[PDB]
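Chemist: Sharing a structure with you now.
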Amino acid sequence: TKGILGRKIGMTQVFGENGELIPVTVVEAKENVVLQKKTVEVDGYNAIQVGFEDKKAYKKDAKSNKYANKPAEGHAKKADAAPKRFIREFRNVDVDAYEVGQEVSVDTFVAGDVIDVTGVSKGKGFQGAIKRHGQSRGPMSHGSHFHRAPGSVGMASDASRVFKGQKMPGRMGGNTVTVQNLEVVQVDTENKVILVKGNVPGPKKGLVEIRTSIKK
Amino acid sequence: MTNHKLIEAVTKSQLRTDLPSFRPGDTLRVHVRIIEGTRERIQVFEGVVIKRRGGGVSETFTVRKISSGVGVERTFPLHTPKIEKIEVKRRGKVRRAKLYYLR
Amino acid sequence: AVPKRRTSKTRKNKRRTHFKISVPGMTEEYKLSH
Amino acid sequence: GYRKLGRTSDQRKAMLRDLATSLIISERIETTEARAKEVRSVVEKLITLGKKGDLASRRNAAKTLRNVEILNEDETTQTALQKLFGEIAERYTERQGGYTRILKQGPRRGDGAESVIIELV
Amino acid sequence: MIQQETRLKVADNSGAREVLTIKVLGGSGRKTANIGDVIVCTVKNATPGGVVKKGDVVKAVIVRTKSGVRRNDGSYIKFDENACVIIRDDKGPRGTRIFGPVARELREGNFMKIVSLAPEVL
RNA sequence: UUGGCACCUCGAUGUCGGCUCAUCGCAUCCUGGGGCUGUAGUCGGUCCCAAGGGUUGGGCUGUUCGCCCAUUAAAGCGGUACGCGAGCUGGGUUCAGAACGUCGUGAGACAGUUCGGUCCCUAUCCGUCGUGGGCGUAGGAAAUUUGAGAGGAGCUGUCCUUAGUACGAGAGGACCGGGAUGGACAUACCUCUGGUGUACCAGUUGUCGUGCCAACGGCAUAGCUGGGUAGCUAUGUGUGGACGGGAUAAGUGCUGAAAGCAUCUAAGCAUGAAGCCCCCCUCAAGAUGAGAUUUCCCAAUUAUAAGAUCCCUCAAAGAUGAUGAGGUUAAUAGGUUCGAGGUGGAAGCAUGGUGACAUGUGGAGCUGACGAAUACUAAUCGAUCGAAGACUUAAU
Ligand SMILES: [K+]
Ligand SMILES: [Mg+2]
Ligand SMILES: [Mg+2]
Ligand SMILES: [Mg+2]
Ligand SMILES: [Mg+2]
Ligand SMILES: [Mg+2]
Ligand SMILES: [Mg+2]
């Protein structure tokens with residue numbers, strides 16, 4: 001199949017042929033390169049390891065991730081590249097194709113295709129039990145002291161434990177979610193943009209992962 | 001909207017430079033084309049401009065009218081292809097920029 | 001809501017492994033007064 | 001920006017206006033870290049009115065600067081408003097912004113609070 | 001929006017003038033209704049002399065709202081009051097003459113008998 | 001279930017419904033398979049397999065339960081101190097007051113009905129949801145990963161065309177298989193519709209401060225009213241439910257013995273259910289059974305190398321730790337100069353009006369959180385940890 005990586009930029013709309021509105025996100029995807037093709041004889045699985053954004057070169061008093069390091073730099077130039085920031089493996093794609101050290105163009109995505117998107121969520125901190133799991137809150141008048149709280153937790157002296165898959169507060173946020181079966185609207189080539197019908201996860205300037213759908 | 005200018009460039013050939021100008025409280029007519037078959041007609045909406053927000057393709061307004069006792073309102077995008085033309089025929093004076101005291 | 005038992009001498013001291021303090025930095029004695 | 005400093009709106013708008021003034025007179029003060037990262041901005045927006053010097057800026061150079069302090073420097077009397085447009089504005093006619101400077105002293109004795117200096121440059 | 005214990009009005013020549021909504025005809029615990037929706041009502045105020053007296057349960061149909069409808073072309077239409085029209089077993093109206101406009105969505109809603117009679121469709 | 005017995009508890013096992021949460025069992029209420037008949041067709045009826053999921057809003061009296069209007073694919077019976085009061089309520093329940101009736105010679109009762117009437121606790125241990133420091137994984141470190149195993153999603157309806165053909169005495173009615181549009185539910189997001197927006201913009205009353213001109217500020221719920229940027233949000237905006245396969249219940253069968261014939265199970269053997277494992281999403285090598293690649297670093301006890309941390313500037317992250325962006329060869333936050341989006345035409349002079357006012361110079365001026373460019377301010381200074389490939393037993 002086919003797969004490209006890129007950053008989420010924003011969200012707008014376009015007018016179709018029948019004047020209909022279609023809402024879209026705007027994915028930027030430049031500078032992808034193949035760095036290691038795999039094998040079953042070595043690893044046990046065929047795949048394609050890909051890296052997306054460029055960064056700078058080795059430096060002596062190095063105290064960021066802007067400037068790369070030697071193990072990285074010894075992996076870019078191998079396949080004749082520059083140091084790459086992000087790295088991912090794609091596993092469901094044909095490997096007789098995709099020779100090494102090349103680039104990957106958006107042009108391999110037509111307009112009107114079908115995809116599935118994969119990214120990170122947004123961050124909510126320490127949150128309660130009815131924003132999170134979304135369940136009923138209690139009376140606020142008629143002499144009541146139960147407003148926002150999880151009521152009960154167990155039964156009685158039978159089953160005196162508390163089962164594990166139980167709903168309490170804590171942290172929800174930067175988890176991995178996917179979205180199935182969206183549509184490809186339009187594909188620029190100069191600005192290196194791909195548009196998708198619908199809204200997809202993550203914050204602005206984040207990272208997005210795009211791949212062909214497997215379903216029918 | 002110069003963020004890195006990648007969104008206000010793609011959405012460039014969906015604009016249109018055909019449309020006159022208008023502030024709130026400026027009567028104007030709106031020649032829609034409505035499709036209910038192999039081919040169908042126009043059916044104007046007339047009224048008075050109360051609202052206008054935004055910038056870009058997502059720039060909207062709305063107009064008010066009374067019709068046989070009842071009030072009605074319709075809000076439109078500016079750059080859609082349905083709207084053949086706009087015809088500003090009168091102009092006024094106000095001190096507000098959102099009008100809701102008209103109900 | 002009330003302790004049912006006594007806290008031993010160990011469980012009191014197994015707990016204070018992390019209840020210490022820390023050291024300042026060290027610039028040439030000179031302070032790290034950025 | 002957006003710091004509240006455990007002080008509700010009606011209080012913070014008057015604490016940041018006293019800091020901007022008494023500074024100007026003595027050009028050097030001693031505060032906690034947080035406050036001086038907020039008069040880092042209020043006072044830098046307040047010389048930029050002093051280079052114009054027009055009749056309108058004096059009218060918006062008074063809605064935050066503080067009531068007429070009858071100074072007394074060497075054999076004289078000033079106002080904090082006929083010192084800001086006459087004297088600081090003239091030293092600083094050819095630089096861009098950035099005319100403050102924060103400096104870290106140590107902590108305090110009682111409440112264990114980082115103490116810093118702030119001056120003009 | 002139109003839910004239980006809601007008071008619409010009437011725009012036909014059939015005697016019933018005001019009503020009260022007590023249901024919506026979906027069924028999986030549905031809790032609202034917009035334009036184009038068959039409901040159940042009663043009467044709370046009639047006109048002397050007519051065909052639908054006070055205290056009679058009847059089914060009825062929306063024709064107007066304060067919340068509009070989201071046309072697929074990216075367009076919206078919201079009126080300034082609410083309204084209803086009273087119907088029969090044969091999927092058609094009790095009275096004859098319609099008053100006040102209606103909404104074009106009623107063409108693809110099998111209510112063509114009412115656009116067949118009304119002054120201003122819009 | 002109403003009970004019988006009186007084995008724990010009276011130096012306290014302290015409570016009937018309803019609200020919030022959930023969890024198991026089938027002797028199945030709906031959906032799912034089929035057999036059976038008077039089921040011609042529909043509609044059922046009967047028994048058989050099946051627990052994956054699903055299982056309504058309101059009126060009267062305390063109402064546990066009871067009756068009634070109105071909808072629904074359907075509006076299930078039982079368990080878990082008649083599930084849950086160190087999580088909520090207190091109508092009901094037996095307190096002291098006072099009426100009304102049966103009773104008593106009187107103290108008072110049997111309540112046969114009504115009205116009024118103080119809810120104590122800073123969570124130690126286990127259990128549970130979430131997040132981190134320390135050793136270990138036969139040299140040390142930076143990136144990418146396999147997946148033994150564990151959890152999660154799982155629902156359904158109507159129109160119409162299929163197709164009036166199999167079948168149906170004809171009307172009626174499938175199989176087939178095509179979509180179209182939906183209700184409830186579960187998840188990401190803010191372009192639209194809209195809600196808030198306490199350091200943003202105009203308007204507006206009262207009173208203190210400049211012996212007043214009002215152009216300004218302070219307090220009076222932000223003094224009130226009209227609007228509203230970034231940001232988090234749903235009543236808004238878009239996807240999802242799977243099909244598909246491997247076999248198994250009842251039940252349909254074929255060769256085929258039983259006993260010639262027979263016969264669905266006996267040697268055989270195809271068939272077939274929303275159920276079961278596989279397919280779809282998420283976490284996972286503390287998986288002490290501690291994995292697999294890729295590249296980088298290499299000694300005179302002992303310094304130090306690859307490489308990380310202290311420390312300072314900040315958010316796309318956040319209770320604190322941690323994660324992430326950047327540290328003068330530098331665009332990190334602030335500021336300054338330009339833009340956007342929002343408000344709705346300043347001050348100050350100049351014409352017109354006796355006057356309070358309106359026009360023009362000018363889509364004016366101001367603008368917190370978003371975007372860009374620019375070294376003017378500060379990220380200085382400098383310190384601290386940190387590896388030198390064991391042994392057999394084989395092949396080399
Ligand atoms: K109720
Ligand atoms: Mg109380
Ligand atoms: Mg320090
Ligand atoms: Mg008994
Ligand atoms: Mg018993
Ligand atoms: Mg005995
Ligand atoms: Mg005062």
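Chemist: Can you list residues whose amide H is under 5 Å from B:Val72's amide H, if they're 5+ apart or on another chain and H is modeled 1.01 Å from N?
Modeler: Excluding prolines and chain starts, which carry no amide H, the hits are B:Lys65, B:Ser67.
Chemist: Shifting gears a bit: How about C:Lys12: which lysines have a C-alpha closer than 30 Å to its C-alpha, ignoring those fewer than 8 places off in the same chain?
Modeler: A:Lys164, C:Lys4, C:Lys20
Chemist: Turning to a different aspect of this structure: Among B:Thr75, B:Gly56, B:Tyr100, flag the residue with its Cα farthest along the positive direction of the charge dipole of chain B, charges on Cβ as +1 for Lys/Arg and -1 for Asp/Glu.
Modeler: B:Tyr100
Chemist: Could you order the peptides A:104-110, D:88-94, E:97-103 from most to least packed, using the average number of other C-beta atoms within 10 Å per residue? Show your work: numbers first, answer last.
Modeler: Working: A:104-110: 14.9, D:88-94: 12.1, E:97-103: 19.4.
In descending order of packing, they fall as E:97-103, A:104-110, D:88-94.
Chemist: Would you mind checking which residues have amide H under 5 Å from E:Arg7's amide H? H placed 1.01 Å from N; only 5 or more apart, or other chain.
Modeler: The list, which skips near neighbours in sequence, is E:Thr21.
Chemist: How many nm separate the modelled label positions at E:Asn110 and A:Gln36, each set 7 Å beyond the Cα in the direction of the Cβ?
Modeler: 6.4 nm
Chemist: Which whole number gives the average count of other chain Cβ atoms within 10 Å of the Cβ atoms across peptide A:18-26?
Modeler: 5
Chemist: Starting from the Cα coordinates of chain D, work out the convex hull volume and express it per residue in Å³. List each step's numbers first, then the result.
Modeler: Working: hull volume 16.2 nm³, N = 121.
In chain D, the Cα convex hull volume per residue is 134 Å³.
Chemist: Follow-up question, since we're still on this one. Please average, across the residues of B:66-74, the number of beta carbons from any other chain that are within 10 Å of each residue's own beta carbon, and give a whole number. Write out the running numbers ahead of the final one.
Modeler: On the way: counts 1, 6, 6, 5, 11, 4, 10, 6, 7.
Partner-chain Cβ atoms within 10 Å, mean over residues of B:66-74: 6.
Chemist: Okay, next question. What Rg and what Dmax come out for segment E:45-122 when only alpha-carbon atoms are used, in angstroms?
Modeler: 13.9, 45
Chemist: Can you give the log10 of the normalised intensity I(q)/I(0) at q = 0.09, 0.12, 0.13 Å⁻¹, computed with Debye over equal Cα scatterers of the protein assembly as shown?
Modeler: Listed by q, the Debye log ratios stand at -1.24, -1.29, -1.32.
Chemist: Still on this structure, I have one more. Can you tell me the dipole magnitude for chain E around its Cα centre, using point charges on the Cβ only (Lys, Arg +1; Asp, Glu -1), in Debye to the nearest 20?
Modeler: In total the dipole reaches around 180 debye.
Chemist: Per-residue counts of other Cβ atoms within 10 Å, averaged by peptide: what ranking do you get for A:194-207, A:156-169, highest first? Spell out each step's value before the answer.
Modeler: Details: A:194-207: 16.9, A:156-169: 8.3.
Per-residue mean Cβ counts within 10 Å order the peptides as A:194-207, A:156-169.
Chemist: Using the crude model of +1 on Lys and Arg Cβ and -1 on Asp and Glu Cβ, and no other charge, please compute the dipole size for the protein assembly as shown relative to its Cα centre, in debye to 20.
Modeler: 2760 debye
Chemist: Looking at this model, which pairs from A:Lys204/D:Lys4; A:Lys124/A:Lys204; A:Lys2/A:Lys192; E:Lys31/E:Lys59; D:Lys37/D:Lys104; B:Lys65/B:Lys98 are more than 19 angstrom apart at the alpha-carbon?
Modeler: Among A:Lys204/D:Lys4; A:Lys124/A:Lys204; A:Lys2/A:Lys192; E:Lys31/E:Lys59; D:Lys37/D:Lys104; B:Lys65/B:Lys98, the Cα-Cα distance tops 19 Å for A:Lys204/D:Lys4.
Chemist: Given chain A, report the % of alpha carbon pairs whose separation exceeds 30 Å.
Modeler: Beyond 30 Å sits 45 percent of the P(r) for chain A.
Chemist: Let me ask another. What ranking, highest mean first, results for peptides A:73-81, E:61-69 when packing means the other Cβ atoms within 10 Å averaged over each residue?
Modeler: E:61-69, A:73-81
Chemist: Another question, then. Dipole size in debye (nearest 20) for chain A around its Cα centre, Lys and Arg Cβ +1, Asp and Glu Cβ -1?
Modeler: Numbers: 36 positive and 24 negative charges, 324 e Å.
My answer is approximately 1560 debye.
Chemist: What average number of partner chain Cβ atoms lie no more than 10 Å from the Cβ of the residues making up B:93-101?
Modeler: Across the residues of B:93-101, the mean count of other-chain Cβ atoms within 10 Å is 0.
Chemist: Further question: Please provide three numbers in whole Å: the alpha-carbon extents of segment A:78-130 along the principal axes, with the largest listed first.
Modeler: 51, 34, 18
Chemist: Using helices alone, what [θ] at 222 nm do you get for the protein assembly as shown, with -39,500 (n - 2.57) per DSSP H run of 4 or more residues, divided over all residues and rounded to the nearest 500?
Modeler: -2000 deg cm²/dmol
Chemist: Over what distance in Å are the Cα centres of segment E:16-77 and segment A:45-59 separated?
Modeler: Each part's Cα centre sits 62 Å from the other's.
Chemist: Once you compute Rg and the Kirkwood Rh from C-alpha atoms, what is the Rg to Rh ratio for segment E:1-108?
Modeler: Numbers: Rg = 13.8 Å, Rh = 14.3 Å.
Ratio value, two decimals: 0.96.
Reconstructed Cβ throughout: ideal geometry from the backbone, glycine too, with neighbour counts over all protein chains shown. Coordinate-derived values only; no laboratory data.
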